[PDB]
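The next block holds one structure in the form of structure tokens; read it before the comments.
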Amino acid sequence: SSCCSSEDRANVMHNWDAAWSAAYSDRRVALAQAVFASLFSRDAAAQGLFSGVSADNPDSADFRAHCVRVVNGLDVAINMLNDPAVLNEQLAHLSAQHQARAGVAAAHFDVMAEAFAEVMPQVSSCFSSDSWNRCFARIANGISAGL
Amino acid sequence: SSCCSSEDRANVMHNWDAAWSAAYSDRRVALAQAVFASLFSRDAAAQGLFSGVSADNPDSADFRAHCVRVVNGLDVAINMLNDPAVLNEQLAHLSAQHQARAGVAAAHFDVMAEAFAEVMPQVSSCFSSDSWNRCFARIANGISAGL
Amino acid sequence: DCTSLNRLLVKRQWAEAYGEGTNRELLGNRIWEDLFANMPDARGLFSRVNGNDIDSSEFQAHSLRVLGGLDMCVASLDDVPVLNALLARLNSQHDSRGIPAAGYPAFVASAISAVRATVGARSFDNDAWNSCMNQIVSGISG
Amino acid sequence: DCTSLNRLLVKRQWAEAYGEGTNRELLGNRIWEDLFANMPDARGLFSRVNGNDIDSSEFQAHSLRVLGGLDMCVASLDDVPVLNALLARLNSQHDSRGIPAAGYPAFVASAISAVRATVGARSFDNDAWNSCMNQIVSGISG
Amino acid sequence: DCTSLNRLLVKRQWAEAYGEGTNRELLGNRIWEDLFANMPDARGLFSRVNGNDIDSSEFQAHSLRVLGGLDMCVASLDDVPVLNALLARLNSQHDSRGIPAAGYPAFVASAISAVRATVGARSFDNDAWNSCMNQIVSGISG
Amino acid sequence: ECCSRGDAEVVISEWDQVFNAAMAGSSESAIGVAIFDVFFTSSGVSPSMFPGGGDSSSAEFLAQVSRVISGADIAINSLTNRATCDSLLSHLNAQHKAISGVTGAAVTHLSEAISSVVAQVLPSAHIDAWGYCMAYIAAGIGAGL
Amino acid sequence: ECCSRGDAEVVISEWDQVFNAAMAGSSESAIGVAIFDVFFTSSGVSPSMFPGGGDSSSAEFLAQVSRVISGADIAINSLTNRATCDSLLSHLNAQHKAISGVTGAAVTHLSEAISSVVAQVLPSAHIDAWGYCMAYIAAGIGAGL
Amino acid sequence: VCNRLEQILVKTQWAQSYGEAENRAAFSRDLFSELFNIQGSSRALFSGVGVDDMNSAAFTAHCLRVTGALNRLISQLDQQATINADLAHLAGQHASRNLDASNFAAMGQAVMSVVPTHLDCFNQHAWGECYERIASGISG
Amino acid sequence: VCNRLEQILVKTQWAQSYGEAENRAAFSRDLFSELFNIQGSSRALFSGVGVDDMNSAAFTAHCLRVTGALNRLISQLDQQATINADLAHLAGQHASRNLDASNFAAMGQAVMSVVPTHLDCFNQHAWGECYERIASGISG
Amino acid sequence: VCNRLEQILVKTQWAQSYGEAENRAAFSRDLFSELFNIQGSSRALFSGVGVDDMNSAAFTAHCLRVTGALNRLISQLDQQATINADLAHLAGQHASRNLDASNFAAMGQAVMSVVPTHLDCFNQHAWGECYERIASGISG
Amino acid sequence: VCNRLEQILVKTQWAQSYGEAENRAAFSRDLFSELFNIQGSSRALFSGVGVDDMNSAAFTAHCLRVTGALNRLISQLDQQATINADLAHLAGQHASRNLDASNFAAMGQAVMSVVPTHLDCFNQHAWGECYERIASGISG
Ligand code: HEM
Ligand code: HEM
Ligand code: HEM
Ligand code: HEM
Ligand code: HEM
Ligand code: HEM
Ligand code: HEM
Ligand code: HEM
Ligand code: HEM
Ligand code: HEM
Ligand code: HEM
């Protein structure tokens, strides 16, 4: 596996927060919707798992909130990269939540990774793909453990 | 009399704490036992005053605790050297405790001084005898007042 | 009145107080220490996430999940349609857990107090904070 | 469980919080202010050392005698035979003084809170502190 | 005993704690937050100056009027004839307002605590502060 | 990279805060024995394999524990100079190839016991940096095992 | 040394914080009168010995108090230059040799009254430094008395 | 001369100018260096306090007693009865010295020369008034 | 030899002198540079660990194992039974090396040369005692 | 003992370590502080030169005469006949002092403790040789 | 052209590059200096706003109105209907100026030349897209 180094996480946390901060408006929905649009574009079957959130009407309040909720989940984890003991408890939590969702598979996180890898470069003024990829895997691998 | 100057006490407090700190292990007992071994070696009659602490079995938990208790008493006073108003109240306290112990005489503090003067040079990486002697007297003279 | 101007102020100050990385734990600790001090019985509500030791990794993850959800709601204060959907989902994570109604205004007071302590009391707009925080918890409780 | 590893952690953090010179008074003040705020009746127990004015030279000497004894016990946490003898002597300085049993867990909570405030709450091990502090006061009271 | 030496010490430390410009608000906030925390009912006494929001411009002006009057009295502690006249006038601004007698010793304790927090507890002379503050409020109440 | 300069720097600082010569031999043995206890439990390796048989009261076992811990100490302090660290690890590898019964899995278990006990005595430890750097050390010592 | 540079520096700073020309004459007299009250009580010296007879309402006594305090002020501010301070103390010594009734013990009592009142108005005073430096000043003023 | 407001300005500026510790000694030697530079004849008046070497302990001590006296007088400028009594005492000490008006004028000018060089703000009018108040009291 | 008090002085001074991280490597190479400078014949004994280039990874590694061993022995100076067992282990490892008294004396002098140059305080008496305690245990 | 090459190393390191001016006084007091710390009994031998206060002018003067003598001996380490005569003179001065071998050994250890703490490079072997050369000459 | 993600990148980079206060004026004069350097013929178009002295108040004011407009358009890049209306307003203002495609291309290149020199990160693709979005709206 790759390693999300001390330098990697410092870079990822800073740049991610510069885009996701609650201080700004309209950026979260645009970013999160783009991640899901990419995900569905890459894995047609993926959309099926999101029947409970009106995935077929992307601009609904319900789908937008779903996108934002999921991605803020990544925000929460990324910001725990400077306290991994806590991140480990959180990833376990996230893992149990996904294990409880019929159909969610480990391979889906790879496609989700792909989606973030496609979207981040387009919205983050300063973005480093390798640090992102390594730190995203450190997180994703903690969640997908079990599936 | 000598004077325990501002510079003297800063030096004594720093070096003393570097040896006595609660952070380390096994140093307190070794140091305190060496002080008492020196004291008894210098004043054969002195041991008699410590009948209530098993002075004849130096490695007993009881004697070791006695040595540590007495010497921590010096630690407490040395660290009050930057707040003499408090040190004066403490020395008075210590004085009344010793006045209440049959046989304890002023001359005994001189032998105790001698013991610390013999031991400190052997265990304190950086040690200044004159500063120690002057600041120890500032303290000891406050305790032995009355006897 | 959580006005359009109030919402922008709250978003700005919240982001400042919540911050990044471990600074989020500093804000969380101020909130839970205050809440548990004022409402001792509230701690028991968190027995499953080790509420008896707020410094444990388990409670800290819980704390950050809670502040993460608050962050998500605050960030969407100027996007009401989406906010209503977020609050509705949060409500499902709290209903029928026997959480005393009193726990919410208490949490609001602790969160506001913690933000104020973090960003500074001078010129702090308590009307904006209370009114916007109230709109958020009123969708979560009951 | 005050384990061998716990003891070393406590010794290290205690020395950091207690410190040298007047910094010991900073820790003492945090402890007594907290204790007296939580257990008002406790102040009267110290009438002979001017507990009504914790900033007086008289109370400060008392405060430092108390923290000096705690320091002595903490330093010996990894030397149980000697620690037991130190606790036994401390007990003789407290028995039959009419000190309410409740005063001890209160003092433990205040001491721990003060150390935590001094060294930082993040990653603070409350199990180690509570378990080791409890072993110490349990030899002093009763 | 508010002695001639005590008066000079109090004047010096008060000026240090009260300070200039917005630092006066820092001291005021410490006082009102403490007072309202200890005596919740006291807040209602200030409904006309928005006591429910101590950070509002309205309450801050009130707060600074109060500290300004305290400043004026402290500054005149070594000029008793003038001080008595100042206290007499202040009394006219408080009589028949239904202010509970308990509010004054509470305010004294909060003011002293705030000054102590500002200038440092080490060597703080509580006898001088309490005795001089008491001479001042005893002319204002009743 | 895995065990970057940044990871290495914090790991060395934390380790040296826990293990250094100014500390009491009894404290260093307590932490070393704790590491071996966690190692014996996760690895299933027999204590009889070590001199002193894993008896914490045996001066032969405590000295053996001191040697193993010292080996880790030297490797850890050399983490910011990979060429030197690789050489140290290579020497350790050869030594363990010569000891019957040492497996790569076991080496990994002991290296993780080091990380986990450090986190117990120093809860503020940078545990991901520890994992990555101890994984690097374990790979070198257990190469081919 | 007794009244080291370090002791002298803190004593001068604290003294000048209590006594300086920007302060009100009434405040300087209050502190000076307090010192004389403590002096009269510890020394048993008769107030009739001083101009104004110790009456704090007498402008002759307040001016006398101002002179004595000023003498201490000049000596204290010169503590970091011993040659100059010794000279100042010598002049004061001569002046007191010429005043009937001034004893070394009395001089010591007044010097300690200065230290004790300073500690009352400035509780954070470095009292050991004060004792040592005022002892030095007292020895010089009372030499042979 | 030297009213309640001027007293405050002078007390504040003197305290700042004069300073503390060794700065007082340098200030004081400077004052006398200027006095002698302004009025050469005044130097011999100090033959009894080691004036031949102005950096000597003896002369520095004299300078400090003088500025020390100025210091205590200015400290009491706002207490009329007290300063009047202290000025009378000093007049008594200078009575036999055979001094004249020009000596006090030269000292005044020396004060006006040194004090402001250690200040950002100096009010020479208030100082002329208050120095006169003082010199007047000592000249007798 | 090397009493309870001396052990504390030596442990403290060694920890400070030896340092951490790369400083340990520089310190260790310096120790051997001094050893070779003091006793030229000792160099060939290290032909098996790349001594021809003292900055090589191989030689630096050897130097660190040696100072690392000194480090672990000093860490246990206050645990007699433990250090005695560890010294016996080391004696066993040096037994076949054909070393002599002068080699250990030269190493002792190298230690006395390098350690104090990284300290503000050094007690050579305590160090002579404790180094002897250690060398004695290894020479057998 | 103390050959031509070692003499050069020692002369160079002593000159650098000992320094100039007041640094020599601090160095010298430190040397005696270490001597007393290493051998407590030696202190009383100096009762005649104000040893009760090691910062006194009297004791500092004694320390400087001693290190000053070490300085002049090391300056002549490379002139055998000259240093031998100077060492004989010093032996004559120490003859009645009732000193013993341990006193010179303690002084040697004090020198080995202080000198290197003021250097980046120190060769303890060369210093042991040359200190012995000197002590030997003085002990008689 | 200029999608939701690119808008965010451009808004962020413009705000950082353009700065505040007088830095905006320097940036703006630089933009026009580059415009004129890239397309010499464009200069005469500004004869009505004191272009003969580019540091004049008149010309600086013009430059600020232009970059100020770029600023307000980029501020609304994420509000399609609003920016479209504002671009139509600007097209109306430039309609009679007799400008051509090359003028807007030169301005685009001037923007691509100045903006990145005030940044650590610049995405020229996103900027080419969004500048085109803007120029397109103004050229009509
Ligand atoms: C690292 C990336 C991911 C993070 C941080 C994450 C986190 C979350 C969070 C926080 C929620 C909202 C509900 C809750 O509170 O638990 C959620 C729901 C969900 N997630 Fe994920 N997730 C990630 C990736 C994925 C992947 C790869 C899939 C599968 C394609 C997936 C499937 C789902 C589904 C099906 C739901 C439920 C939708 C609903 O609310 O009905 N997640 N996730
Ligand atoms: C400055 C040095 C000294 C300090 C700080 C000191 C302090 C103490 C302290 C803290 C204790 C423990 C009991 C308690 O809580 O009061 C104690 C007990 C005692 N001390 Fe001292 N002491 C000093 C020197 C001496 C000397 C010179 C003697 C006489 C040789 C002496 C005689 C005793 C005796 C007889 C006890 C009681 C032993 C027992 O517990 O039965 N102390 N001292
Ligand atoms: C704006 C305010 C609040 C927000 C946004 C919020 C958010 C959350 C979130 C996101 C979780 C984690 C759910 C999961 O993933 O399992 C949670 C759990 C929980 N919350 Fe809240 N919360 C708020 C206020 C409160 C209050 C005031 C109380 C009680 C007084 C409370 C009690 C709980 C409990 C009992 C849990 C479950 C702990 C567990 O996992 O066992 N919450 N909340
Ligand atoms: C680990 C905890 C504690 C330690 C180590 C400790 C230590 C001490 C020590 C060393 C003294 C000074 C005795 C002397 O020399 O005269 C003392 C006095 C005293 N302690 Fe404790 N103590 C602890 C907790 C408590 C608690 C929890 C209370 C009450 C709630 C308490 C109440 C007192 C009282 C009443 C005195 C006597 C004050 C006086 O001198 O009049 N102590 N303690
Ligand atoms: C040394 C203590 C105090 C001083 C110097 C002080 C001074 C003042 C001053 C100057 C005002 C403004 C009056 C005006 O201009 O209208 C005021 C108002 C007031 N004070 Fe006090 N005060 C003190 C303590 C207290 C306490 C202890 C309480 C109640 C617990 C209190 C209650 C009030 C109230 C009710 C008002 C009127 C607020 C309004 O304008 O409606 N004061 N005080
Ligand atoms: C982090 C991993 C490890 C490190 C740093 C390490 C290091 C060391 C060191 C430095 C020595 C002493 C060599 C000497 O005599 O000079 C040693 C000896 C030894 N090691 Fe390891 N070791 C590790 C893992 C293991 C594991 C996993 C096992 C068992 C399965 C093991 C078994 C042994 C044995 C039995 C000896 C004693 C050899 C003897 O004295 O005859 N080691 N190791
Ligand atoms: C800290 C100790 C003292 C200091 C700094 C001090 C200083 C002074 C100074 C500066 C003067 C004014 C000289 C002048 O006229 O220019 C003075 C006068 C005087 N002092 Fe002292 N003095 C001290 C102690 C004492 C003591 C202890 C006594 C009495 C027992 C005493 C008795 C007098 C008297 C009676 C005068 C008035 C002489 C006169 O005006 O005729 N002094 N002293
Ligand atoms: C106007 C401000 C002046 C003040 C406050 C002042 C103050 C003093 C004081 C305090 C002494 C020391 C008395 C003692 O302790 O023996 C003194 C001495 C003396 N003053 Fe003044 N003086 C002033 C003006 C002058 C002037 C204008 C001159 C002459 C140019 C002068 C000439 C002398 C002389 C000659 C002595 C005696 C020196 C000696 O002892 O030989 N003074 N003055
Ligand atoms: C007194 C302190 C000494 C200590 C603590 C010490 C320590 C060590 C250690 C830990 C090793 C590495 C063993 C291994 O892992 O293979 C070693 C190897 C060695 N030592 Fe020592 N040693 C000391 C003294 C000496 C002396 C005085 C000499 C000769 C001048 C010497 C010559 C050697 C040689 C030649 C090797 C083998 C190098 C090789 O592998 O080719 N040692 N020593
Ligand atoms: C090995 C280096 C030494 C040198 C170069 C040396 C040098 C000197 C010199 C130059 C003097 C001053 C002679 C005079 O002018 O009166 C002196 C005096 C003295 N030396 Fe040494 N010395 C050495 C060793 C020692 C040792 C090892 C001791 C005892 C521990 C010692 C004890 C004394 C004493 C007691 C005096 C007389 C002090 C007095 O006058 O009371 N010396 N030495
Ligand atoms: C594409 C970005 C452009 C923007 C946002 C822009 C903006 C503006 C604005 C805001 C004004 C001032 C209107 C007023 O208040 O009177 C203006 C004037 C003008 N613009 Fe543009 N412009 C752009 C492109 C261009 C280009 C490409 C040229 C020619 C090379 C040009 C030529 C002019 C001229 C000649 C004026 C009138 C100056 C005068 O008043 O004499 N503009 N423009």
Side-chain angles (χ1 to χ4, degrees), chain A residues 7-8 10-42 58-60 63-65 67-68 70-72 74-75 112-132 136, chain K residues 1-20 23-24 27 31 67 70-87 108 111-134 136-137:
Chain A
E7 296 88 333
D8 280 338
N11 171 283
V12 171
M13 194 179 312
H14 172 74
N15 289 302
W16 169 264
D17 288 345
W20 201 253
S21 177
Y24 302 107
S25 299
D26 292 339
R27 303 185 179 186
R28 293 187 173 198
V29 173
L31 191 164
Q33 280 187 310
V35 167
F36 276 84
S38 176
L39 177 68
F40 294 161
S41 175
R42 289 161 186 279
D59 289 332
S60 60
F63 192 60
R64 284 177 287 173
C67 294
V68 163
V70 167
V71 182
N72 197 58
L74 177 66
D75 174 76
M112 183 64 103
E114 275 178 45
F116 274 101
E118 172 185 335
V119 174
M120 293 312 301
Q122 304 178 62
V123 72
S124 185
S125 183
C126 303
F127 182 73
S128 159
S129 69
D130 276 359
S131 289
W132 174 272
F136 185 92
Chain K
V1 189
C2 190
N3 70 48
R4 298 168 82 195
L5 306 180
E6 294 174 324
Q7 288 157 29
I8 295 172
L9 256 175
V10 175
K11 284 161 76 67
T12 173
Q13 287 172 8
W14 168 265
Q16 307 189 321
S17 183
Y18 187 48
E20 305 184 354
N23 282 336
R24 290 189 178 191
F27 175 104
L31 179 68
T67 57
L70 276 177
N71 189 64
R72 83 183 196 235
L73 293 168
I74 286 163
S75 294
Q76 293 292 337
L77 261 189
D78 58 332
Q79 281 302 319
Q80 192 179 89
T82 297
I83 192 173
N84 285 342
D86 204 15
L87 290 163
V111 166
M112 301 309 147
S113 304
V114 172
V115 173
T117 64
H118 295 90
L119 292 171
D120 289 329
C121 314
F122 179 64
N123 184 314
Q124 207 266 314
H125 176 78
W127 277 83
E129 296 300 90
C130 301
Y131 174 70
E132 164 62 20
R133 169 81 167 88
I134 291 180
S136 183

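Order of the sequence lines fixes the chain letters, A, B, ..., with proteins taken first and strands second; residue numbering starts at 1 for each chain.
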Answer with side chain, backbone, both or neither: which region of K:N3 has an atom nearer than 4.5 Å to a non-hydrogen atom of chain A? side chain

Turns out that what part of A:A30 lies under 4.5 Å from chain K's heavy atoms comes down to both

Correct closest heavy-atom pair for K:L5 and A:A34 would be CD1-CB, 4.0 Å

Measure the shortest side-chain to side-chain distance between K:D78 and A:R27 over non-hydrogen atoms and say whether it is less than 4.5 angstrom. no

Just how far is it from atom CG of A:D26 to atom CZ of K:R4, taken to the nearest 0.5 Å? 8.0 Å

Kindly compute the distance separating OG (A:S125) from NZ (K:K11), expressed to the nearest 0.5 Å. 13.5 Å

